[PDB]
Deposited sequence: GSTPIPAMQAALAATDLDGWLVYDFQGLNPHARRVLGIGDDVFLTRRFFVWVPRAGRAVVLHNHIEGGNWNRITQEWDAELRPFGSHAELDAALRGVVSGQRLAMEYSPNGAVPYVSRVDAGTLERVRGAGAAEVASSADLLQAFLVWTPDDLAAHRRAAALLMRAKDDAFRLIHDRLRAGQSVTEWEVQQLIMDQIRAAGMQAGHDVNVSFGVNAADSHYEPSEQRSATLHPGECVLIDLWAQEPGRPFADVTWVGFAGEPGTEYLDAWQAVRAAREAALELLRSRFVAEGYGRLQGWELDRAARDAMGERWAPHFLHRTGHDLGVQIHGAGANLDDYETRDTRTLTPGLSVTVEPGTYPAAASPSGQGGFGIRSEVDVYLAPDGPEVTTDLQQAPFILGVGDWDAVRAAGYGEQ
């Protein structure tokens, strides 16, 4: 196969002159992935592949691995240019980069480690060869993550399954509370996992059902060996996800409470809901104003965190959301100004989660509300349901508990 058409199509949406892919052994996994180099290909020497906007790619390779490079590129219609000495390497590099505004796997300030792969010394060498500009390839790399129509349809089937499963899970808890019968996190988790598997889907890791203080630990997963029994007066948080094999996940988080919650929990909910709405509103309003192309992931985190307010933001020690793909935590832009300042631009055809929360462990509780957003070319759209209130579990009939949680009363 040839990787060059896809790389040039990605470049066409930029104003850059080309993409300079550099690798040495395991340094830059993106190099081998974008170029379609098989894992079984043994490459011990450094190489560059220059891909201009239009025209032939240029492969700068050490002459000792010319045979492997002929095989790699036999369908590429590229120039293959061997080098031996550092003088030959530098002359070839000057030939390709001088006066060029180019991208490399580089992240300013090392903000995004998964993209920041080219070593400092090699970047110095590229600049010394006369490159006019070195920009991050992070946005180019996102072009490869665009969903197909079948990907979107599969995501929506997973979303619908999750909406059903979260209702059945919360109804189970509701029924147990009303009946005074014990229920554990693991039992609820397994109800959900059984539904995912029966639908031909898979979760990867077992889903998160958290009661009480466990909901304050984002890194909680109940198991058969260790899981909590629910008691009245404790919160519930369920973060569940599923995909059809090889298709994008859906991934949502819904909350409830065992009985009537107090004012503090309710206030925290309003703050988390306000955070979610602020992120969604900034995404919508920026798209209306200017389309996609300037809005960056970190800005939605800022919107959510600001809107959450001074009482509950100190207990929101997490990013606002993540790229959502065939990997649940996808390789594209995340909604993060917390762990990283993610300056990647939100890209049409990708999807992100919006999942602010607040986690006061000191009883202690955790709230998170997670929806998925597909960055459709005609505008961002939420693909999973919006919770308006925590489910108040064990009081009344389930249909009405659900309706209140949906704001349908």
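Colleague: Unmodelled stretches of the deposited sequence, numbered from 1?
Modeller: Gaps in the modelled chain, taken against the deposited sequence, lie at 1, 364-369.
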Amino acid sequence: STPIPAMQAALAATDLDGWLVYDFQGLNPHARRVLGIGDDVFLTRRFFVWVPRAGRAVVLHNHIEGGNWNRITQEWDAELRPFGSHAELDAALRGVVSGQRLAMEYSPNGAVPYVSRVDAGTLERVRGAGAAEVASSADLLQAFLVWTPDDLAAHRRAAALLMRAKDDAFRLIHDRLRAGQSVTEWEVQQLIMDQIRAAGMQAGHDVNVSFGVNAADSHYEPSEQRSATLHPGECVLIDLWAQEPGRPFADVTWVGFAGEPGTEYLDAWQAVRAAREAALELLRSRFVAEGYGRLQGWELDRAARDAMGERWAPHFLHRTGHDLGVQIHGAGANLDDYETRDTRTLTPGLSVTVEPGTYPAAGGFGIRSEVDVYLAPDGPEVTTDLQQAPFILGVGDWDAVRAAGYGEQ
From here on, numbers count along this sequence of modelled residues.
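Colleague: Mean Cα B factor from the PDB record: higher for 196-204, or higher for 214-222?
Modeller: That would be 214-222.
Colleague: So which stretch wins on mean C-alpha B-factor, 132-140 or 285-293?
Modeller: According to the entry, 285-293 carries the higher average C-alpha B-factor.
Colleague: Compare the CA B factors listed in the entry for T73, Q189, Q100, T253 and report the winner.
Modeller: Across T73, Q189, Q100, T253, the entry lists the biggest C-alpha B-factor for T73.
Colleague: Maximum C-alpha temperature factor per the entry, among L350, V371, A362, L27, belongs to which one?
Modeller: Of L350, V371, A362, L27, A362 has the highest C-alpha B-factor.
Colleague: Lowest, middle or highest third of the chain for the C-alpha temperature factor of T14?
Modeller: Answer is highest: the recorded C-alpha B-factor places it there.
Colleague: Could you look up the Cα B-factor of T148 in the entry and say which third of the chain it sits in: lowest, middle or highest?
Modeller: It falls in the middle third of the chain.
Colleague: Lowest, middle or highest third: where is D306 by Cα B-factor in its chain?
Modeller: Its C-alpha B-factor, which the entry lists for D306, ranks in the highest third among residues of this chain.
Colleague: Is the Cα B-factor recorded for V59 in the lowest, middle or highest third of its chain?
Modeller: For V59, whose C-alpha B-factor we compare with every modelled residue in the chain, the answer is the lowest third.
Colleague: Thinking about Cα B factors across the chain, which third does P248 belong to?
Modeller: For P248, whose C-alpha B-factor we compare with every modelled residue in the chain, the answer is the lowest third.
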